[PDB]
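A short write-up of the structure that comes next.
When a residue number appears, it is its place in the shown sequence, counting from 1. The analysis underlying the following values was restricted to heavy atoms, covering all of them including side chains, and did not include hydrogens, waters or symmetry mates.
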Amino acid sequence: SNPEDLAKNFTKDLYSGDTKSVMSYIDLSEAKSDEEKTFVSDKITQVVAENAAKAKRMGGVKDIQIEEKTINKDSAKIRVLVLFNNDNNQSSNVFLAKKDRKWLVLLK
Ligand SMILES: [Cl-]
């Protein structure tokens with residue numbers, strides 16, 4: 001409901017192996033055909049499988065933190081840092097937008 005917390009929960013779910021959870025965060029407005037939606041879903045299915053295998057390899061996620069942020073009333077770019085229990089960390093940007101009364105992650 002605030003974009004910082006949506007960025008962090010999205011990221012938690014991205015490393016959790018649960019594709020339906022991850023999908024619920026995503027704005028599918030760019031994908032303007034059923035076949036495009038499927039394509040996006042198939043890629044998210046794959047990303048979720050891969051991040052779950054990787055979290056396991058790295059001893060699981062230790063913490064999730066926000067490093068840089070740029071937020072206004074309807075858009076957000078948020079660098080989310082994932083810290084793993086093997087002491088390695090990884091970061092990347094989550095882009096979000098509030099089109100109606102709901103923040104959603106944008107497909108970059
Ligand atoms: Cl790796």
Using the ring pair (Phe, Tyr, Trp, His ring centres under 6.0 Å) definition, which of the options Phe95, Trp103, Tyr25 pairs with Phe10?
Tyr25
To the closest 0.5 Å, what do you measure between CE (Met58) and CG (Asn51)?
11.5 Å
For the residue pair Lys69 and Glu4, establish whether any side-chain heavy-atom pair is separated by less than 4.5 Å.
yes
Would you compute the distance between atom CZ of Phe84 and atom NZ of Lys54 and round it to the nearest 0.5 angstrom?
6.0 Å
Pairwise side-chain contact, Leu104 with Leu96, heavy-atom cut-off 4.5 Å (strictly under):
no
Do the side chains of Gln65 and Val80 get nearer than 4.5 Å, heavy atoms only?
no
Heavy-atom side-chain proximity of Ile66 to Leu81 below 4.5 angstrom:
no
Donor-acceptor under 3.5 Å (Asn85 side chain, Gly60 main chain)
yes
Any side-chain heavy atom of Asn93 sitting closer than 4.5 Å to one from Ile78?
no
Give the minimum heavy-atom separation between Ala97 and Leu106, together with the two atoms involved.
CB-CD1, 3.7 Å
Cluster link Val61 to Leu83, ILVMFWY, side chain under 4.5 Å
no
Find the distance between OG (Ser24) and CG (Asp13) and round it off to the nearest 0.5 Å.
7.0 Å
Distance, nearest 0.5 Å, that separates OG of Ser41 from CD1 of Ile26
8.5 Å
For a quick check under 3.5 Å, do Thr45 and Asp42 share a side-chain donor-acceptor pair by atom type?
no
Should we count CG of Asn72 as having more than 12 external heavy atoms under 6.0 Å?
yes
Gap separating the CD atom of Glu67 from the CZ atom of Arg79, nearest 0.5 angstrom:
6.5 Å
Residues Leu28 and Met23: closest non-hydrogen pair is CD1-CE, 3.8 Å
Considering all heavy atoms, the nearest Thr11-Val82 contact:
CG2-CG2, 3.2 Å
Mind checking the OG1-CG spacing from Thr19 to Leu14? Nearest 0.5 Å is all I need.
9.5 Å
Min side-chain heavy-atom separation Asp27-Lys99 under 4.5 Å:
yes
So which heavy atom on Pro3 is nearest to which on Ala76, and how close?
CB-CB, 4.0 Å
With a 3.5 Å cut-off and no angle check, do the side chains of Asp18 and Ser16 form a donor-acceptor pair?
no
